[PDB]
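Q: Before I ask anything, here is the structure I am working with.
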Amino acid sequence: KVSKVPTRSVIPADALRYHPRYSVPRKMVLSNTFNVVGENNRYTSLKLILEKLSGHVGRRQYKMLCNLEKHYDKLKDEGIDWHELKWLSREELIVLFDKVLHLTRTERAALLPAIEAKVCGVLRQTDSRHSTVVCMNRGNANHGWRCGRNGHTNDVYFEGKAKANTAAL
Amino acid sequence: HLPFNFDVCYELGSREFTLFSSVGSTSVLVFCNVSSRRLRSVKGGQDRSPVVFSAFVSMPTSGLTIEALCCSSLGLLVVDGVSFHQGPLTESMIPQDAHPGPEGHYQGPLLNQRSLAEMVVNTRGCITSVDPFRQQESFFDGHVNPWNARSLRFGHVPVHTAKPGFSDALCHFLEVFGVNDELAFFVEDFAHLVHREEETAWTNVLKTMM
Amino acid sequence: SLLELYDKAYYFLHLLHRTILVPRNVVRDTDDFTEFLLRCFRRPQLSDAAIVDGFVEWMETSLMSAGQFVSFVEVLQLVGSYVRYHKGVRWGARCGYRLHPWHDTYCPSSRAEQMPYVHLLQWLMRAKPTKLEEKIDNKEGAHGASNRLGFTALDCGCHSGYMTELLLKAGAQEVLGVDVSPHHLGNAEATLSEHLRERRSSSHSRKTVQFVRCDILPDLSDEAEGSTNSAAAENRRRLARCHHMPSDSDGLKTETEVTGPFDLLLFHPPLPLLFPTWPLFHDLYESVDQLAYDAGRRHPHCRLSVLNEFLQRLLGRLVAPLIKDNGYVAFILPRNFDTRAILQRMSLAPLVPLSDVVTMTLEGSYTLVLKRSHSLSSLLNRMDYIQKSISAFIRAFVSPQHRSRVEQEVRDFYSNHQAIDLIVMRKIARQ
Amino acid sequence: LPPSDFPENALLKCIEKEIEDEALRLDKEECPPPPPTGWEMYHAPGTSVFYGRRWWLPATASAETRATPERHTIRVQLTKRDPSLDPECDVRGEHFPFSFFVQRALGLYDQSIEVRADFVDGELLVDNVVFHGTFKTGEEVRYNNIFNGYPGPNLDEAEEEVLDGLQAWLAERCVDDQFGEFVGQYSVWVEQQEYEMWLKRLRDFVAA
Amino acid sequence: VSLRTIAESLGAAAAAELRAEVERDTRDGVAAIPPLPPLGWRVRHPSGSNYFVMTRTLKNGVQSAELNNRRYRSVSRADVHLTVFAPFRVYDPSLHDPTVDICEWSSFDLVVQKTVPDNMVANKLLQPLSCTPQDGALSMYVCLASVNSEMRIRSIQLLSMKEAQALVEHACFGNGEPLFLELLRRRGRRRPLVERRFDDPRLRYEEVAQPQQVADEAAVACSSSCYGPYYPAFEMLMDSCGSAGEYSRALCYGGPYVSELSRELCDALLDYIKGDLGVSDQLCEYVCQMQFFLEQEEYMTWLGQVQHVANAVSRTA
Amino acid sequence: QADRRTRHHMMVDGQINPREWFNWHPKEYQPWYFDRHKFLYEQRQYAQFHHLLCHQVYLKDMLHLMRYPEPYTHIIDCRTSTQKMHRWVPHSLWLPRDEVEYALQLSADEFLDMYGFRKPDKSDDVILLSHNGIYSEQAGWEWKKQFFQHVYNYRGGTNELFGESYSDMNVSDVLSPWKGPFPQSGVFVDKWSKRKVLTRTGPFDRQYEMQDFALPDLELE
Ligand SMILES: [Zn+2]
């Protein structure tokens, strides 16, 4: 007898990913600072998205010329969040970009793909304790632009932690 | 909503609408080709092709015509490329009725890194597969065949990506000719209006055939 | 010498077709062309606007593969083609009539070019045959057991239907027009329709004509105990069960079509020209049809490779013989194509053989019947438009000290180096 | 082939080898694959597009006086693939795209209903229904663009009454999974006959 | 009042960008030298264009090429005309698909034609020469590519006036192709751009109009050939610049898919193009350099046109 | 300008294939201290010539030798461009840098004929100047190549004496971004080693270290 190796006809491209043990990687739970959503915890998803939009991009490591990290401090001083940035309308973004942020026309062009897709600012769990993984799925208006998948339901700021509790913040 | 001096021209059956402006001796012409596959929502959140149009700024005092490859997203405006052509707005320069403009000319440098910023989001690009002959089965179509699309630089990514402080002055220079964010909010809403009227007329024609 | 004049004249005609081109709608845009075409049509019983819309339709259906801008010499050739269509080419009496050809179609308009066709018609109808052997193919099958029963024929490279009309005038039953372009076939069908409306070639016997488009030669003859009766019964039950049983087996299209073998198989490539017509005279409005005399001479048949494949198809699954037993193949060809190479060997390079030598030494099985070289291509030499064209070409581009000798270099070339050979050969029966 | 006169002996002898083993193989058929009934197959010898053509008469109810005959036309373009992206890019899947014109009673893109289908993995995948010419709605909607005409939405997103009415319109026209298998068979024979002509035409060019 | 200060801020920045662009490529006062083409190649780049065309004519066939002539010392046929069209289309497929390990993909087309002269005596009339423009005008269109400075063949097409006549007359049952006939109905000429001559240094000052003379030698010989009215269909067929010529060559066969060919035919085709025909990896790597250099030259004219437009507005407003 | 992409074929490894072929391995190189602020010949790549560095004479020594000169302390100008020199350092002699390796090969009579001043003795003090002190440093290395026992360099000579803002215009040859380098075009090594040398871990503006060998860390897990 010669048993055939069980394969599939249609396989998603996520299953083509590499693991050194050819197994499922560990998903370590996030640190105890993310247990309560506070002002120290609110803008860590906004910081990593602006960090990735300014760093090197691709296999050839194309450096993004516009530095969007300089606008992180003035965004958190106004008290606006990445999840609160997706709730702003079109007229509220022209007021935010021109008056407060003073975003130039090329810095506005590098940030707009992150706002056009409505990226869910949820810290994904990873193999390490310090996670720099944000869920890049497109959000829907029924689930608060959180993409509604893997437990990101309308208030979830961090994967594995509690909701937003908007009465406090 | 509509800009100040812009006439619309849209005939049912073609997925194109053309806006024209004229102040002084200068003429502004905006051409758009609406995608038939799928276009992104006006809210943006949740195959989802962006609304890409062109703007022709003709100035006979300078002797050149400015073609601006623009992309409207969330009602706002980004400008992807700027090229210069000789003489005034000739009829052959506009890609209406599926005949293209001038061929084999320098397209221009990258004014913004929007296409590199979309891959951080993992938004699906215009290029579906690596094979150019695979996408050349639907030839003479900008959205499904990017290798012969004028608005997508025929698949070429140029050498120079222009300086932010330099090309911020170029985007401010075009906003005085009516290539501001107020036009791109109308083109975003009129492309969604063409996409409904084209799909409704194609359905009702198909009902009477069968 | 004549070779540099040839090269410079063809380069100048290419520059004329490249540089001075005018837009598409010449009647609407160009304000001078309308009175010009009206002058060219009033030089030789139609209204003015009818001629205007007729030339508009002529440029619509005639001009192919052209953009928004049309070459000026091409517009003059379109005017000459319109004049030649509304005037017609006259064929002399033996059978004198007029023919209406289309834009790019080959018709012999000179009597020296029509003399091989007239002599072939004389040998066909047997008016005064003083040659070696007279042909008899299927009427000999009736005489062994006449011209009233006719025969079937094959036409290779039919242009404007003049040779199909020559076959219908000499007596034939089924002729199969084969050409590369469907434009020439539509022109030949119009010529056949006017031939039937002319009441010539009387209908005591029925005649059906089929025009097919193909290459050099058509190929359509290759479609694909009790156990044989059992297989036939199973085949009948399967044809009746899968509804592929034919309810009627008349097949009238298979009757009206022309099918081989043929006993007269003829082949005539168009005669190549030494110099194109001069399109820059002052009396262009007086004679434009002679400016279109060169029309039709650029056809995909006039080659040595096409002749070699034709002869190899005639010489050799082997189901379709394509020619009847002791059938006659008649071909009318020049001494050699590519007159540039003929000018190169004139006073080195080795001597180029004639196409008669190729047709003789390739076909050792076929026996030659008629071999006549019509060397009267120098005998045209009138005061007509072709002599004015060659004197204009020798006046513009040749130095005055080296002119007349080059003129003499013209006058022997038509005398010694170019002729029209009409040759008929006959098949030999199998053993 | 003397090597002093002919420096291309590595190619001319290899291409003379490739003429014989493409003819000495017994897996190839000399006859074309037999088409279904009514279909006539044209193919120009130089190009890579072969055409199908048949006439047709629909099922017309007794309330109507006359049934108009239709004109079915098949247009198949041969698939191209880039070997410069191999072995880096994956193997491109073999599929057979074709076009199916329907004309009521004279060209291809005037008053014709055009439907594009893909024969992949033994089944037909109907993609788009493209219209050409002035049609009736419900007014007159004209589709006079032949290159960038509006091809309609993809049928994965289209409405359900549009889908089942189209497949009933397609199964009545005898366009189904067995018809697409013949297009997969005829295009293999066409590409095989073009390849032996390509090898014959290449030997005339290199040796010259 | 704001139109003057906007057009003057742009015209000052474009003059500042054009100033800072020249001093980057300038080394000790002398400007950046363009990369040198290989032996015998004459490159022509039109001003304000996206492409550059280089030609090469091998007299007496293949045996006078570069590789077949080098030997060890101190111890006829028809001429070949080469033409390498090179557009500025360069991209990397590792951005859109990270599974593909390709750093650079640059496409450029090679057109090789042959021409019989009057001096060859040995094999004149033993067979009809199919490469002649009088007989078919057979020409090989090799679509090439450069995948990480490695020349890979995309397609090998054999085009004549026959399949140009077939597409215009009988590509359908009785008619031509409806899109190929329409594309020839809209053929407007491009305005004359002044070309720059980045030739090989040894042939830079010997003859200047040599790629123009061999382009008009064939155009005379093909338009007055055995196939006369089908040459405008063949010009658009052999037109390498634009989308109408790419659709026209896609209506033809397109060659066999090369990775499915035998390994003996794959190496013999690469031995013919690289070794025998002379279209080498040195030529392939030069095209990737010259696509980079002339893109830099076209960026400076783009900076000169931003300044020229912005100065014409500020003096008008 | 405008951030030209470079035609080198360096690439980061993907997310699908395993890490293989560890007889070449790129890692990120970070040294201990910054060296970009230092003098050009005091940097990291010139450390082996650290004993070849000439002793420094300063501004106050130069002013003292301007006021009170010595007969055999030879001040020598090593500037090459005549269009960029506008003033004369006192008691200086012109010996341009690009001729120095020939100039010290002459005899004393040939030195006097080819320069107009006498050749300095090998025990005499020689003091060199330039715009920044770079041409004078290379000239001091050429002077120490010959057996000259006392050679000194004034770093920032003319730019601190006369207060100018000039430079010796050293190119520091860096390939143009159309020039494709060696390891992409070449069959000098096998395909696995060619793919593993051309890979890098991160952006290609920083420095990397190439490992010739690696063993698996079996003691972690
Ligand atoms: Zn999520």
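Ordering of the structure tokens sets the chain letters (A, B, ...), residue numbers begin anew at 1 in every chain, and ligands are numbered from 1 in the order given.
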Using only C-alpha atoms, determine which residues lie at most 7 Å from residue F:76, disregarding the query and same-chain residues fewer than 4 positions distant; provide the list as a ChimeraX atom specification.

A: /F:92-95,127-129

Q: Keeping only N, CA and C atoms, write those residues as a JSON list (two decimals), in the first residue's frame.

A:
```json
[["chain", "number", "residue", "atom", "x", "y", "z"],
["F", 92, "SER", "N", 55.98, 80.11, 3.23],
["F", 92, "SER", "CA", 55.52, 78.86, 2.65],
["F", 92, "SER", "C", 56.09, 78.66, 1.25],
["F", 93, "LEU", "N", 56.23, 77.40, 0.88],
["F", 93, "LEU", "CA", 56.68, 76.99, -0.44],
["F", 93, "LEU", "C", 55.61, 76.11, -1.07],
["F", 94, "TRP", "N", 55.43, 76.23, -2.38],
["F", 94, "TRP", "CA", 54.37, 75.52, -3.07],
["F", 94, "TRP", "C", 54.89, 74.17, -3.56],
["F", 95, "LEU", "N", 54.39, 73.11, -2.95],
["F", 95, "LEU", "CA", 54.60, 71.74, -3.42],
["F", 95, "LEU", "C", 53.23, 71.09, -3.46],
["F", 127, "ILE", "N", 56.44, 71.11, 7.64],
["F", 127, "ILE", "CA", 55.09, 71.38, 8.12],
["F", 127, "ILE", "C", 54.20, 71.60, 6.91],
["F", 128, "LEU", "N", 53.11, 70.84, 6.82],
["F", 128, "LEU", "CA", 52.26, 70.82, 5.65],
["F", 128, "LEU", "C", 50.91, 71.45, 5.96],
["F", 129, "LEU", "N", 50.32, 72.08, 4.94],
["F", 129, "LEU", "CA", 49.02, 72.72, 5.04],
["F", 129, "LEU", "C", 48.16, 72.37, 3.85]]
```

Q: If you count only C-alpha atoms and all ligand atoms, which residues end up within 9 Å of ligand 1, as an NGL selection string?

A: :A and (119-124 or 134-139 or 145-153 or 159)

Q: Residues at most 9 Å from residue C:273, counting only C-alpha atoms, excluding those fewer than 5 positions away in the same chain, as a ChimeraX atom specification?

A: /C:294,297,338-339

Q: Residue C:255: which residues within 12 Å, counting only C-alpha atoms, same-chain residues fewer than 5 positions away excluded, as a list in words?

A: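 The residues that qualify are residues 174, 207, 208, 209, 210, 249 and 250 of chain C.
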
Q: Within 9 Å of residue A:66, counting only C-alpha atoms, which residues show up once you throw out same-chain ones fewer than 4 positions away? Write them as a ChimeraX atom specification, please.

A: /A:53-54,106-107,110 /B:112-113,164

Q: For stretch 357-369 of chain C, work out the shell of residues within 9 Å, counting only C-alpha atoms and skipping chain neighbours fewer than 3 positions away, then give it as a PyMOL selection string.

A: chain C and resi 131-135+307-308+311-312+314-315+326+328+353-354+423-428
